[PDB]
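Have a look at the structure below, then the notes.
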Amino acid sequence: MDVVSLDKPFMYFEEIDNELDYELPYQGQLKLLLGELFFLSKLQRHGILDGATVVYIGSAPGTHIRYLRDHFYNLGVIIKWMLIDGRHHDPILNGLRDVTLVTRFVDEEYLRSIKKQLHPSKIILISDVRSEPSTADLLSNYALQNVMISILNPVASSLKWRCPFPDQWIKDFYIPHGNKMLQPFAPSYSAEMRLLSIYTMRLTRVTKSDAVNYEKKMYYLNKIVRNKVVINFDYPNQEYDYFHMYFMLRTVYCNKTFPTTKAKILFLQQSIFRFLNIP
Ligand SMILES: Nc1ncnc2c1c(C#Cc1cnc3ccccc3c1)cn2[C@@H]1O[C@H](CSCC[C@H](N)C(=O)O)[C@@H](O)[C@H]1O
């Protein structure tokens, strides 16, 4: 891995500054865990996480969700979880009074009913629904996610967001405004990000040129940037994905006090890796 000296990783898609012509055990739960720890910790910093209800759609099996709860439960943050998926969840999510497990595929009619029963409590939406997928599969998925937002009207949302490839384009479509969070420990050449939005919902047109810009920017990220060793980075592992993870984890709150910031991140990573069974 070519060596590089960095002050900070790319945290959002907008920060990628170059492009290139495209050509771990249970790493997926680690990717989801970090991005949802990042998203929800940002909400905690804005003081809006607390007293909210997290509605997670497409949450199965959702092993990592157990860590997310226990984290905020041990911080004393009052959160109710509603996990809705047609597939069965990981049994490790059983027996938690503040976690509601719902076995159901969501449609417009059912989003209306859960809004009725949760209203007027703050809703935080996390969607990871997926129906390899075609561009029509994605367009329907993103349509459904817009429908989640227009009905549930969450105070914030994290949405699965991967632009359709330019050579499989169909039509321009619309997605919410928000910050496109980059995911460490994503698959080697995935172009998926998490659309993070805090609502104070204006839709944005996505064009075939955007798809080209996504494809080239994310390829440069996956081919060049993520294959670097950050030699100035004071950490047991200096591979970029760990440098990236380190900057996400420093936004996380802990009840425990640590002598240094590096000590905190090391503790959190050990905790996350141990629960996810990662050496
Ligand atoms: N509507 C929904 N509501 C809830 N969950 C849904 C869906 C859905 C769909 C659909 C669909 C497909 N064709 C249609 C055709 C016509 C009309 C309507 C149609 C709807 C998929 N999912 C779940 O998304 C997860 C992705 S992996 C998450 C992994 C998870 N993030 C983790 O922690 O591991 C899977 O578990 C999957 O079961």
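Residues are referred to by chain and number: the chain letter is A, B, ... according to the order shown in the structure tokens, the number counts from 1 in that chain, and ligands are numbered separately from 1 in the order shown.
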Write out as a short mmCIF file (atom, residue, chain, number, x, y, z; two decimals) with C-alpha atoms, in the first residue's frame the residues lying within 12 Å of stretch 76-80 of chain A, counting only C-alpha atoms and excluding same-chain residues fewer than 5 positions away.
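Everything below was put into result-v8.cif:
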data_model
loop_
_atom_site.label_atom_id
_atom_site.label_comp_id
_atom_site.auth_asym_id
_atom_site.auth_seq_id
_atom_site.Cartn_x
_atom_site.Cartn_y
_atom_site.Cartn_z
CA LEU A 40 -26.89 8.81 15.49
CA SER A 41 -23.95 10.35 17.36
CA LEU A 43 -27.93 13.56 16.13
CA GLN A 44 -26.93 13.18 19.79
CA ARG A 45 -24.59 16.16 19.41
CA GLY A 47 -29.58 17.09 21.12
CA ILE A 48 -32.35 15.58 18.98
CA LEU A 49 -31.57 11.88 19.40
CA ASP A 50 -33.08 11.83 22.84
CA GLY A 51 -36.74 11.00 23.33
CA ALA A 52 -36.82 9.98 19.65
CA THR A 53 -37.91 6.69 18.09
CA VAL A 54 -35.57 5.03 15.59
CA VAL A 55 -37.60 3.37 12.83
CA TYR A 56 -35.17 1.07 11.01
CA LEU A 68 -26.16 0.35 18.64
CA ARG A 69 -28.88 0.01 21.27
CA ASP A 70 -26.69 -1.11 24.17
CA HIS A 71 -24.39 1.82 23.38
CA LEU A 96 -35.19 -6.11 24.66
CA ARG A 97 -38.18 -4.17 25.94
CA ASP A 98 -37.18 -0.98 24.10
CA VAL A 99 -36.72 -2.83 20.77
CA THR A 100 -39.83 -3.72 18.77
CA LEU A 101 -39.30 -6.41 16.12
CA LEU A 118 -45.94 6.95 16.72
CA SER A 121 -43.11 11.50 18.77
CA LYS A 122 -39.86 12.33 16.99
CA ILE A 123 -39.07 9.78 14.29
CA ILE A 124 -35.53 9.02 13.10
CA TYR A 253 -19.95 9.56 23.17
CA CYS A 254 -18.80 7.37 26.07
CA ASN A 255 -19.73 7.28 29.74
#
| said: Using only C-alpha atoms, which protein or nucleic acid residues come within 12 Å of residue A:7? Drop anything in the same chain fewer than 3 positions from it, and give the result as number ranges by chain. | reply: A: 4, 10, 230-234, 240, 243-244, 247
| said: Using only C-alpha atoms and all ligand atoms, which residues have at least one atom no more than 7 Å from ligand 1? Output them as a VMD selection string. | reply: chain A and resid 29 32 57 to 65 84 to 87 104 to 107 128 to 131
For the selection just defined, write its residues with N, CA, C and O atoms to a file, as a CSV table (one decimal), in the first residue's frame.
chain,number,residue,atom,x,y,z
A,29,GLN,N,-21.6,-5.9,8.6
A,29,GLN,CA,-22.2,-5.4,9.9
A,29,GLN,C,-21.3,-4.3,10.5
A,29,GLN,O,-21.8,-3.4,11.2
A,32,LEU,N,-22.2,-1.0,8.5
A,32,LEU,CA,-23.4,-0.5,8.9
A,32,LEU,C,-23.3,0.1,10.3
A,32,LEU,O,-23.8,1.2,10.6
A,57,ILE,N,-35.9,0.4,8.8
A,57,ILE,CA,-36.7,-0.4,7.8
A,57,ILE,C,-35.6,-1.1,6.9
A,57,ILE,O,-34.7,-0.5,6.5
A,58,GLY,N,-35.8,-2.4,6.7
A,58,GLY,CA,-34.8,-3.2,6.1
A,58,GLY,C,-33.7,-3.5,7.1
A,58,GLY,O,-32.5,-3.4,6.8
A,59,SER,N,-34.1,-3.9,8.3
A,59,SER,CA,-33.2,-4.0,9.4
A,59,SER,C,-32.7,-5.4,9.7
A,59,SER,O,-31.9,-5.7,10.5
A,60,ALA,N,-33.2,-6.4,8.9
A,60,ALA,CA,-32.8,-7.8,9.2
A,60,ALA,C,-31.6,-8.2,8.4
A,60,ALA,O,-31.5,-7.7,7.2
A,61,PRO,N,-30.7,-9.0,8.9
A,61,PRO,CA,-30.8,-9.7,10.2
A,61,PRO,C,-30.4,-8.7,11.3
A,61,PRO,O,-30.9,-8.8,12.5
A,62,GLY,N,-29.6,-7.6,11.0
A,62,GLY,CA,-29.4,-6.5,12.0
A,62,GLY,C,-28.7,-6.9,13.2
A,62,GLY,O,-29.0,-6.4,14.3
A,63,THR,N,-27.7,-7.8,13.1
A,63,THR,CA,-26.9,-8.2,14.3
A,63,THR,C,-26.3,-6.9,15.0
A,63,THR,O,-26.4,-6.8,16.2
A,64,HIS,N,-25.8,-6.0,14.1
A,64,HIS,CA,-25.1,-4.9,14.7
A,64,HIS,C,-26.0,-3.9,15.4
A,64,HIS,O,-25.5,-3.1,16.2
A,65,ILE,N,-27.3,-4.0,15.2
A,65,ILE,CA,-28.2,-3.1,15.8
A,65,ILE,C,-28.2,-3.3,17.3
A,65,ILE,O,-28.4,-2.4,18.1
A,84,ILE,N,-38.3,-3.1,11.3
A,84,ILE,CA,-39.3,-3.6,10.4
A,84,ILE,C,-38.6,-4.2,9.2
A,84,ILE,O,-37.9,-3.5,8.5
A,85,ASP,N,-38.9,-5.5,8.9
A,85,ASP,CA,-38.3,-6.2,7.8
A,85,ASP,C,-39.1,-7.4,7.5
A,85,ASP,O,-39.6,-8.0,8.5
A,86,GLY,N,-39.2,-7.8,6.3
A,86,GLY,CA,-39.9,-9.0,5.9
A,86,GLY,C,-39.2,-10.3,6.4
A,86,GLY,O,-39.8,-11.3,6.6
A,87,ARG,N,-37.9,-10.2,6.5
A,87,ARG,CA,-37.1,-11.3,6.9
A,87,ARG,C,-37.0,-11.2,8.5
A,87,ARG,O,-37.2,-10.2,9.1
A,104,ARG,N,-42.4,-7.6,8.6
A,104,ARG,CA,-43.4,-7.1,7.5
A,104,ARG,C,-42.6,-6.3,6.5
A,104,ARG,O,-41.7,-5.5,6.9
A,105,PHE,N,-43.0,-6.5,5.2
A,105,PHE,CA,-42.5,-5.6,4.2
A,105,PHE,C,-43.4,-4.4,4.2
A,105,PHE,O,-44.6,-4.5,4.2
A,106,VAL,N,-42.7,-3.2,4.2
A,106,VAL,CA,-43.5,-1.9,4.3
A,106,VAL,C,-43.9,-1.5,2.9
A,106,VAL,O,-43.3,-1.7,1.9
A,107,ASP,N,-45.1,-0.9,2.9
A,107,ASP,CA,-45.7,-0.2,1.8
A,107,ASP,C,-46.3,1.1,2.2
A,107,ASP,O,-46.2,1.4,3.4
A,128,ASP,N,-32.3,0.7,5.0
A,128,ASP,CA,-31.3,-0.1,4.3
A,128,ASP,C,-32.0,-1.1,3.4
A,128,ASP,O,-31.4,-2.2,3.2
A,129,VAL,N,-33.1,-0.8,2.8
A,129,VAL,CA,-33.9,-1.8,2.0
A,129,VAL,C,-33.2,-2.0,0.7
A,129,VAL,O,-32.7,-1.1,0.1
A,130,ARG,N,-33.3,-3.3,0.2
A,130,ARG,CA,-32.8,-3.6,-1.1
A,130,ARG,C,-33.5,-4.8,-1.7
A,130,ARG,O,-33.8,-5.8,-1.0
A,131,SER,N,-33.9,-4.6,-2.9
A,131,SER,CA,-34.7,-5.7,-3.6
A,131,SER,C,-33.8,-6.5,-4.5
A,131,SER,O,-33.7,-7.7,-4.4
| message | When you look at residue A:13 with a cut-off of 7 Å (counting only C-alpha atoms), what residues show up, excluding the ones that are within fewer than 4 positions of it in the same chain? I need them as a ChimeraX atom specification. | response | /A:180-182
Just the selected residues (N, CA and C atoms), exported as a PDB file, in the first residue's frame, please.
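Final file, part-v9.pdb:
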ATOM      1  N   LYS A 180     -23.725  13.157   1.889  1.00  0.00           N
ATOM      2  CA  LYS A 180     -23.505  11.792   1.415  1.00  0.00           C
ATOM      3  C   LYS A 180     -22.302  11.223   2.160  1.00  0.00           C
ATOM      4  N   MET A 181     -22.585  10.516   3.248  1.00  0.00           N
ATOM      5  CA  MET A 181     -21.536   9.983   4.108  1.00  0.00           C
ATOM      6  C   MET A 181     -20.830   8.810   3.439  1.00  0.00           C
ATOM      7  N   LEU A 182     -19.503   8.803   3.539  1.00  0.00           N
ATOM      8  CA  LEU A 182     -18.685   7.733   2.988  1.00  0.00           C
ATOM      9  C   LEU A 182     -18.492   6.636   4.030  1.00  0.00           C
TER      10      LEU A 182
END
| query | DSSP says alpha helix (DSSP H) for which residues of stretch 37-205 of chain A? Put them as a PyMOL selection string? | reply | chain A and resi 37-45+63-74+108-118+135-152
| task | Please provide as number ranges by chain all residues within 9 Å of residue A:145, with the sequence filter that same-chain residues fewer than 3 positions apart are discarded (counting only C-alpha atoms). | result | A: 127, 129, 140-142, 148-150, 159-160, 175
Write to file, as a compact mmCIF listing (two decimals), in the first residue's frame, the residues of the selection just made, with N, CA and C atoms.
# COMPACT_ATOMS: atom_id res chain seq x y z
N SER A 127 -33.03 3.60 6.75
CA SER A 127 -33.46 2.66 5.73
C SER A 127 -32.24 1.99 5.11
N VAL A 129 -33.13 -0.81 2.81
CA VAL A 129 -33.91 -1.76 2.04
C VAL A 129 -33.25 -2.01 0.70
N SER A 140 -37.08 1.94 -7.78
CA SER A 140 -38.18 1.61 -6.88
C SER A 140 -37.75 1.75 -5.43
N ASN A 141 -36.55 1.26 -5.09
CA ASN A 141 -36.07 1.39 -3.72
C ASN A 141 -36.00 2.85 -3.30
N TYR A 142 -35.46 3.71 -4.17
CA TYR A 142 -35.35 5.12 -3.82
C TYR A 142 -36.71 5.80 -3.82
N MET A 148 -41.09 6.91 2.38
CA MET A 148 -40.86 6.83 3.82
C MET A 148 -40.77 8.23 4.42
N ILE A 149 -40.08 9.14 3.74
CA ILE A 149 -39.83 10.47 4.31
C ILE A 149 -41.08 11.34 4.22
N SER A 150 -41.81 11.25 3.11
CA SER A 150 -43.00 12.09 2.97
C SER A 150 -44.10 11.69 3.95
N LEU A 159 -30.32 7.17 4.61
CA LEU A 159 -30.85 6.37 3.52
C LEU A 159 -29.73 5.73 2.71
N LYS A 160 -29.91 4.45 2.40
CA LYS A 160 -29.05 3.76 1.46
C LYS A 160 -29.05 4.50 0.12
N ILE A 175 -33.92 12.53 -5.22
CA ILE A 175 -33.57 12.06 -3.88
C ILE A 175 -33.54 13.25 -2.94
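Between atom CA of residue A:237 and atom CA of residue A:222 lies a distance of 18.1 Å.
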| query | Can you tell me, as a PyMOL selection string, what residues are no more than 9 Å from residue A:217 when counting only C-alpha atoms, ignoring any on the same chain fewer than 3 positions away? | reply | chain A and resi 13+16-21+191+212-214+220-222
| task | List every residue of stretch 32-247 of chain A that DSSP, applied to the backbone of this structure, places in strand (DSSP E or B), and write the result as JSON, numbers by chain. | result | {"A": [53, 54, 55, 56, 57, 80, 81, 82, 83, 84, 85, 99, 100, 101, 102, 103, 123, 124, 125, 126, 127, 156, 157, 158, 159, 160, 161, 173, 174, 175, 176, 179, 180, 181, 193, 194, 195, 196, 197, 198, 203, 204, 205, 206, 229, 230, 239]}
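With only C-alpha atoms as the basis for measurement, A:167 is the residue among A:229, A:167, A:185, A:178 that approaches residue A:209 most closely.
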| query | Which one is closest to residue A:245: A:261, A:188, A:227, A:183? Count only C-alpha atoms. | reply |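 Ranked by minimum distance to residue A:245, first place goes to A:183.
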| said: Give me the residues near residue A:171 as a ChimeraX atom specification, where near means some atom within 12 Å (using only C-alpha atoms) and where sequence neighbours in that chain fewer than 4 positions away do not count. | reply: /A:135-136,138-139,163-167,205-209,211
